[PDB]
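Inside the fold
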Amino acid sequence: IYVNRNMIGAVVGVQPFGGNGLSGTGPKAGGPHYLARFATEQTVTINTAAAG
Amino acid sequence: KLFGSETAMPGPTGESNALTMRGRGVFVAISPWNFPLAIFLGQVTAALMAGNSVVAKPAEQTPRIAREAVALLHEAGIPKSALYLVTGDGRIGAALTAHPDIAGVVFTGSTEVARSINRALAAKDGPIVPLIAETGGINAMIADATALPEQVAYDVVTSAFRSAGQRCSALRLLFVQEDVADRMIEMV
Amino acid sequence: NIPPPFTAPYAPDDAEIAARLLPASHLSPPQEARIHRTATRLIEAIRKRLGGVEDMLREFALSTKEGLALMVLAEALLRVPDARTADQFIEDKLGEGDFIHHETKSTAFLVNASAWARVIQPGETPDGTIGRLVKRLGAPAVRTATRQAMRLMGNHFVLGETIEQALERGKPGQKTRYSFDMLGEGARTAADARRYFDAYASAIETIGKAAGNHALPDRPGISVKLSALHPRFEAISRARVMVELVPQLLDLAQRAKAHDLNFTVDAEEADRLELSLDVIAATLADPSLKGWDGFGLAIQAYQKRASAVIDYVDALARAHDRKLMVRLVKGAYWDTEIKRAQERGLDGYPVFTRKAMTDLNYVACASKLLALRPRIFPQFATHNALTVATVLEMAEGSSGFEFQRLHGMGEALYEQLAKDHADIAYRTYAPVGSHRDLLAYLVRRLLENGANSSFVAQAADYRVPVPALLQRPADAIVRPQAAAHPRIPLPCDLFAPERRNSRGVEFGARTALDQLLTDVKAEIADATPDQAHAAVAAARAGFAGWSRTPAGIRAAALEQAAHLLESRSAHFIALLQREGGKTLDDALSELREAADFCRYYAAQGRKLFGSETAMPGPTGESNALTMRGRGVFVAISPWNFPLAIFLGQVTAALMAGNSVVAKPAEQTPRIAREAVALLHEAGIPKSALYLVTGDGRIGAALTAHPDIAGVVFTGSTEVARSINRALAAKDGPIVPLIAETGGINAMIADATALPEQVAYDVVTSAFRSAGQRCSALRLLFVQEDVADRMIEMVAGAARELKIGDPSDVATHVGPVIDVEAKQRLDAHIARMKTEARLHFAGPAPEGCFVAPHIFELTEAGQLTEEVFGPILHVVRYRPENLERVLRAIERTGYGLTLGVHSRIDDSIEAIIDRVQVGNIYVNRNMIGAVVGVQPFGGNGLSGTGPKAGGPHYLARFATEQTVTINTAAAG
Amino acid sequence: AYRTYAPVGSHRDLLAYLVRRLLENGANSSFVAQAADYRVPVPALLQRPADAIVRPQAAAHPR
Ligand SMILES: Cc1cc2nc3c(=O)[nH]c(=O)nc-3n(C[C@H](O)[C@H](O)[C@H](O)COP(=O)(O)OP(=O)(O)OC[C@H]3O[C@@H](n4cnc5c(N)ncnc54)[C@H](O)[C@@H]3O)c2cc1C
Ligand SMILES: Cc1cc2nc3c(=O)[nH]c(=O)nc-3n(C[C@H](O)[C@H](O)[C@H](O)COP(=O)(O)OP(=O)(O)OC[C@H]3O[C@@H](n4cnc5c(N)ncnc54)[C@H](O)[C@@H]3O)c2cc1C
């Protein structure tokens, strides 16, 4: 949403760009939720008691 | 920030728990003609950064800028084995996305093509992979009678006609209050 | 009158205890002056300075793991028939290479003597515990440390391949100079419990033939552990324990009595205290033990119940008119007790959390025991010079008690005491047993010697001034309110201040278990396709308002749901047992997890949706990023966690600002309905949450509905694909699909792994909840050198599982969900019987039950399907072929959980680097993922992500919005 | 080839010599002191001096 200015030229890291509905899936390019979608999470759980 | 170090999780004594994020596999990156360098590079560098190798098919109208961007990434330190450029039509794009070994698709282009990519992915008996699709818009602007007509006109002309309107963000539909309608339209 | 079954409050307040112990600890200045002098002299003797384990750890700056590795290597090297062969190995081979091979072979030697009996290429990358040690210290120092470990293993331990070999080795017409601390503990199989019984019986005869001609207490003793004598020694199996174990313990007591020996029942974990006292009381009660003063037990001063145990033992002694020998110790399982109370969400710790509190309680308990002479003969087991000096002073004169130490500890301490006070008696114990029981004993011992708080460790460190060792415990505590350790939170505060932790129950406390069993015992038409469509439309109408309800109010609603869940835990636990067929621990755990989901998503919800994120940019412009609800989410949940996964998915979607239409598994709609009613009562509007029950056709109507904004799904891989296809066929928006599906989960156990622990964790991972967990172990890979022992131990342990009615507290394995499931399982069993070796097939009760089964495959590729039941598959492998194991795990295409059991960090790390599995568990079981601790969920055929119970979950239920305002006209 | 020296002299000259010698053996920076301390990993003793300084402006001791 752009208020009292034009609607174009989204700046990377300033206006994370991208929409919903028929406009896209997300996440927004140039924003902080983008990179995670390209990755998978991994939890490593180690029982450390024999060491202290 | 995201992949540079693990996130420690709180838990009981005598046990460690760490959350990490790793690459998924092979990403297919499909880019449009209207931002042939920046969207091409945005999608590709994101996938690479996340630890994925990338097969990139640029829009048929703009392969040369894509080839140069690819060579530039290789020279910037991206291994030849991590990044490949495949040029061609939509059937080639369909070949890459229907390939059973890829780990995800990042797509920017038409809504119709995104749906067919999504259908080709879902048809596979393999893993359900991520689809990142940024498609079009029918973008509105609402201008009320408190708005400055000289500024509305300028921002409307810019939003609609910059780049011959060949931007996904471009203004397509202007709503203007009737009391100021004649003046604003005439000025645009 | 015989005392009632022991029941003391499990974890009372530390401060109230300190308020009584602090003043009673007061001693007159001449009393303190005498203690100070005796202790100074004992400590100075210790600092005179071959020594002990603490010295080896200190001298080479060894971790506990490294000490363990060298002692194991040392023991193998000592049992080579020709000592010159050992010398050649140490100089030529050790430190030059084959580091992992040496670590693996010497550890395997302990269960498989034949395994241990190449040419080492130069420039080998130093990996493994020994390799890393060599890199840090250098090969020659490692050789020097190994020889020292050889002296320690040879001098301070009585060991053999069998008990007869150990007993022969430790032989003195002389009397034995030491009593026997028998190695065994925690039998996993019936065969193990008999072997330990036999070893105890053999030891009693060996020690009896060399017991000398004096009267008690001047005769040797033997220490015995109840967990070694019974393979399911636990409160829930009490009925069978009283019936099977008591006669065994009695048999041994009688054999000890016939040689007039000291016979001591060791004290183990806090959750076994009450059960051990029941066993000991019933055993002591037997008339055959009259006329003998050598029977006794250990009492741990680190426990708040310690004083009450002393009263109980004394009343037991008077009721039966016996004399007892009672060992007072501090306690060997402190770290274990902390960990457990935390995992189990107990309301406090059974032990003190400041070391000085244990020291105080020890002296108070000793004072109490001294006053119970001569009926009770106290034995003060400690290597603390100050504790010895203080107990000696309190005795004011002496006799009617003794001190106790472990061979290889407190030698100089007790020699000096005997010089300075000739009528002081002290008993010395030597560890005696088989190599197969060494590892478990060594680990515990190395934790005490390596501990920074250890008195023995400090007295040997010349950086620690003698006067620091003499600080009186009361002066360390100073004030009652400081009794609890400031840096150790109560389990309820484990996640503070981020969120509250759910409450658990300690089954080892009979008051708590009986109350829980009592409370629990005291406690649906389908939908038409039209009804499901109306539910969607209704949820669609409720979306606008709910999405705009402030995040803190949505969060308050989840938190109230958690509170109502815990307040009504008995009600929901009853439902989990009746509808889900879950055993009590599984039901309780599911209830905790459900509450945990509500609190964690609430807390992550405020963080993520509580306020906008400001984005940096030019002046004269603001840029704010927000996350809003998507629309109507369809939540489809499975039968195996019918409350927690159902609630996790639903409360997540709700928290993100979505309205929800929820379709629960056909087998478990009732718990779902109650959960829904509960969320509504917690503050979730009727218009935001709807329950639609029915089959997959109803589930399919919901997912094909053109107006929904997303699907969250947990279930079968095939159903997830058909949902994905139904969504992708739509001409509408591409909506998010979150799908957590199955796994074919592997465990890799190498020859450095402890078989008793592997067996326990394998049996748990594969057979808990009748294998009806998505994280369950299906495929065990075990190195060939330890395969026979490991498989045998797993099979023997599986046989001890009680299969039956999940409402009986003694049951370990309940029924499978329905006949359709049982049938599918039985077909796979019939197939595997014709296809693979059957190692174990248990006896199912009549009804919808499948018993644990263990099959060995020739290759992993013979297991091609997730089999959703208590059915373990085993593949043995050669150490050089680890890649083929890893390749076989990749081949399935699944990636949910993976277990790794190994001592070797480089091996563990290589496995982690290689595999893509969502949850890797190292040296523990693979189940019971805790919300916010183990973000759970996999990749490949196992799921889409993001992980449930983790920090990337909520975002996916939302969509982002950037608002960009040109602010220049304001300034 | 390596030459080995032994300290030779009268008791009346020992104290002054001993003080200086004990300052070198007791110094935390001493290589001999570190190589004898098993807490110090062999690789730490092998850090190249140029890698400790890294940059000219860091030549002087900051403290
Ligand atoms: C012959 C013999 C038999 C034994 N049998 C048993 C047995 O059957 N069962 C058993 O549990 N123990 C038993 N022990 C005791 C155990 O093995 C340790 O030796 C003992 O706890 C050490 O106490 P201490 O006076 O030697 O040493 P210290 O260094 O004085 O005391 C150490 C002890 O303090 C306690 N401690 C450490 N940190 C904390 C803390 N933060 N808060 C509260 N307390 C803390 C622990 O119990 C620890 O062991 C036995 C010991 C001997 C010598
Ligand atoms: C046979 C023999 C004869 C010697 N004769 C003399 C002599 O005639 N005159 C003399 O001055 N020395 C003399 N020395 C050297 C002195 O006695 C020390 O032995 C020597 O400096 C140690 O250096 P290193 O390579 O052994 O040890 P290292 O542990 O490598 O180096 C220690 C040296 O580093 C230097 N150093 C320590 N801290 C700092 C710092 N913050 N900044 C800069 N430098 C620092 C000091 O010089 C210190 O001695 C002699 C040594 C030997 C073996």
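Residues numbered from 1 in each chain as written, not as in the entry; some residues may be left out. Chains lettered and ligands numbered in written order. Part of a larger assembly, values for the part shown. Heavy atoms only, no water. Residues with missing side-chain atoms left out of burial classes, pairs and counts.

Its PDB header attributes the entry to X-ray crystallography and lists the resolution as 2.3000 Å.

**What to know about the overall build of chain C**
Condition: Only runs of H or I of at least four residues qualify as helices and only runs of E of at least two qualify as strands under DSSP, and these elements are numbered from the N terminus. C-alpha atoms define the radius of gyration in this analysis, and the globule rule sets the expected value at 2.2 Å times the number of residues to the power 0.38.
Per the secondary structure count, chain C includes 35 helices and 24 strands. The C-alpha radius of gyration computed for chain C amounts to 31 Å, which stays within 12% of the reference 30 Å derived for 971 residues, consistent with globular compactness. Oriented by its inertia axes, the alpha-carbon framework of chain C measures out at about 95 × 70 × 65 Å.

**Some thoughts on the interface of chain C and chain D**
This is how it is decided: We call two residues in contact when some of their heavy atoms are within 4.5 Å. For any pair of parts, buried area is found by adding up, for both, the accessible area (1.4 Å probe) each one loses once the two are put together. A 3.5 Å cut-off defines polar contacts: any pair of N or O atoms within that distance qualifies, except that in protein one atom must be a possible hydrogen donor and the other a possible acceptor, and neighbouring residues in sequence count only when both atoms are side-chain atoms. Each residue is assigned to one of three groups, with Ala, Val, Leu, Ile, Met, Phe, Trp, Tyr, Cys and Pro labelled nonpolar, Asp, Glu, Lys and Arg labelled charged, and all others, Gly among them, labelled polar.
Chain C puts nine residues into the contact, and the matching count from chain D is six residues. Interface area, chain C with chain D, both sides summed: about 560 Å², of which 67% is carbon and sulfur. Counting across the interface, chain C meets chain D through one residue pair in polar contact. Broken down by secondary-structure element, the contributors of at least two residues to the side of chain C that touches chain D are helix 3 (53-60) and helix 7 (128-137) of chain C. Of the residues belonging to the side of chain C that touches chain D, the class tally is four nonpolar, one polar and four charged.

**Some words on the site of ligand 1**
All names here are of chain C. We apply this condition: Being near a molecule or strand, for a residue, means having at least one of its heavy atoms within 4 Å of it. In these tables, accessible area is a Shrake-Rupley quantity obtained with a 1.4 Å probe, and a residue counts as shielded only by the protein chains included in the view.
Neighbouring ligand 1 are 27 residues; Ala267, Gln300, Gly331, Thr382 and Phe455 lie closest to it. Between ligand 1 and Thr353 there is a distance of 2.8 Å, counted from a nitrogen atom to a backbone nitrogen or oxygen. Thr358 is positioned such that a nitrogen or oxygen atom in its side chain is 2.8 Å from a nitrogen atom of ligand 1. Contact with the protein chains hides 87% of the accessible area of ligand 1, taken as 960 Å² for the molecule alone.

**Focus on the sheet that holds strand 1 (residues 2-3) of chain A**
Keep this limit in mind: Two strands are counted as paired when DSSP detects at least two bridges linking them.
Strand order in this open sheet of four strands is 1(A)-24(C)-11(C)-10(C), and the pairing throughout is mixed. Both edges of this open sheet fall to strand 1 of chain A together with strand 10 (613-614) of chain C, since each of them pairs with a single strand only. Here strand 11 (residues 621-629) of chain C pairs with strand 24 (residues 958-966) of chain C via nine bridges, running antiparallel. Residue C:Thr626 lies in a different strand from strand 24 of chain C, and its bridge partner there is C:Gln961.

**Here we look at the site of ligand 2**
Around ligand 2, the surrounding shell consists of D:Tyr5, D:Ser29, D:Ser30 and D:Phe31. When grouped by side-chain class, the residues that make up the shell around ligand 2 number two nonpolar, two polar and no charged.

**Some words on the sheet that holds strand 5 (residues 83-85) of chain B**
All names here are of chain B. Put simply, the test is: To obtain each axis, a line is fitted to C-alpha atoms, and for helices this fit is confined to the stretch in contact; angles are then taken between N-to-C directions over 0 to 180 degrees.
The parallel open sheet is built from five strands, whose spatial order is 5-4-3-6-7. Of all the strands in the sheet, just strand 5 and strand 7 (131-134) have a single pairing partner and so form its edges. Shown here is a sheet whose adjacent strand axes are inclined to one another by a mean of 15°, direction ignored.

**Focus on the interface of chain A and chain B**
The condition that has to hold: What makes a salt bridge here is a side-chain nitrogen of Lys or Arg within 4 Å of a carboxyl oxygen of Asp or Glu, nothing more.
On the chain B side, the residues contacting the 31 residues of chain A number 42 residues. Both faces considered, chain A and chain B share a buried interface measuring about 3000 Å² in area, 56% of it formed by carbon and sulfur atoms. Contact with chain B buries area across many residues of chain A, yet A:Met7, A:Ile8 and A:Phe38 alone supply 25% of it, more than any other trio. Counting every contact that joins chain A to chain B gives zero salt bridges. Inspection of the chain A/chain B interface yields 19 residue pairs in polar contact. Of the residues contributing to the side of chain A that touches chain B, the split by class is 13 nonpolar, 15 polar and three charged. As paired elements, strand 2 (residues 39-47) of chain A and strand 2 (residues 15-23) of chain B share nine bridges and run antiparallel to each other.

**Details of helix 16 (residues 355-370) of chain C**
Residues and elements named next belong to chain C. Going by this rule: Any helix carries an expected span of 1.5 Å times its number of residues minus one. Partly exposed residues are those whose accessible area sits between 20% and 50% of the maximum for their type, while under 20% is buried and over 50% is exposed, using a 1.4 Å probe and protein chains only.
With 16 residues, helix 16 should reach 22 Å at 1.5 Å per residue; the first-to-last C-alpha distance of 23 Å fits that figure. Among all positions of helix 16, only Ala356, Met357, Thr358, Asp359, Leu360, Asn361, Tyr362, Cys365, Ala366, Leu369 and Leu370 are buried. On its buried face, helix 16 sits against helix 1 (14-24), helix 14 (306-319), strand 6 (324-329), strand 7 (376-381), helix 17 (385-395) and helix 21 (473-477).

**Some thoughts on a nonpolar patch on the surface**
Residue and element names in this part refer to chain B. What counts, and what does not: Residues enter a patch when their relative accessible area is above 30% and they make no salt bridge; the linking distance is 9 Å between like charges and 5 Å between nonpolar side chains (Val, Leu, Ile, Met, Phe, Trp, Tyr).
Taken together, the side chains of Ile138, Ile142, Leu173 and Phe175 define a hydrophobic patch exposed on the protein surface, amounting to about 470 Å² of accessible area. Turning to its location among the elements, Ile138 is positioned in the loop between strand 7 and strand 8 (139-143). Overall, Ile138 belongs to the exposed group, its relative accessible area being 73%.

**Observations concerning the side chain of C:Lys304**
Residue and element names in this part refer to chain C. In this structure, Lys304 sits in the loop between strand 5 (295-300) and helix 14. In this structure the side chain of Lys304 is engaged in a polar contact, spanning 2.7 Å, whose partner is the side chain of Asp14. Leaving out residues up to four positions away in the same chain, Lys304 has contacts with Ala11, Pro12, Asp14, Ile17, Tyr349, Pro350, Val351 and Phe352.

**Points about the nonpolar core**
Burial of nonpolar side chains together is a common tendency in soluble globular proteins. All names here are of chain C. Here is the rule we go by: Side-chain atoms within 4.5 Å are what join buried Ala, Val, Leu, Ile, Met, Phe, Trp, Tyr and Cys residues into a set we call a nonpolar core.
In terms of nonpolar packing, the biggest core is built from 93 residues, with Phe263, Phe295 and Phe380 touching the most fellow members. Broken down by element, the residue count for this core peaks at nine residues, all from helix 10 (residues 190-208). With residues up to four places along the chain from it excluded, the contact list for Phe295 reads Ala253, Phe263, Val265, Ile280, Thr283, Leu284, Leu289, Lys323, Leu324 and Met325. Grouped together as the second largest cluster of nonpolar side chains are 72 residues, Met832, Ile854, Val874 and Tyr921 included.

**Focus: the packing of helix 17 of chain C against helix 18 (residues 411-420) of chain C**
All names here are of chain C. Put simply, the rule reads: To sort the angles, those under 35 degrees are grouped as roughly parallel, those over 145 as roughly antiparallel, those from 65 to 115 as roughly perpendicular, and the leftovers as oblique. Crossings are assigned a handedness: left-handed for a near helix turned anticlockwise from the far helix by less than a right angle, right-handed for a clockwise turn.
As a packed pair, helix 17 and helix 18 sit with axes 11 Å apart at the nearest point and diverge in direction by 25°. Taken together, the axes of helix 17 and helix 18 lie roughly parallel to each other. Between helix 17 and helix 18 lies a crossing whose hand is right-handed. Between helix 17 and helix 18, the residues in contact are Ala385, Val388 and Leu392 and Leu413, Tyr414 and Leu417, respectively. Grouping the constituent residues of the contact of helix 17 with helix 18 by class yields six nonpolar, no polar and no charged.

**Looking at unusual backbone geometry**
All names here are of chain C. Residues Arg373 and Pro374 are joined by a peptide bond in cis, for which omega reads 5°. Tracing the backbone through its elements, the reader meets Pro374 in the loop between helix 16 and strand 7. Here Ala496 and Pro497 are connected by a cis peptide whose omega angle stands at 5°. Structurally, the position occupied by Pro497 is in the loop between helix 21 and helix 22 (510-521). Here the phi dihedral of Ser399 falls at roughly 65°; this positive angle occurs in a residue that is not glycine. Of note, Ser399 is situated in the loop between helix 17 and strand 8 (402-406). The class for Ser399 is partly exposed, based on a relative accessible area of 44%.

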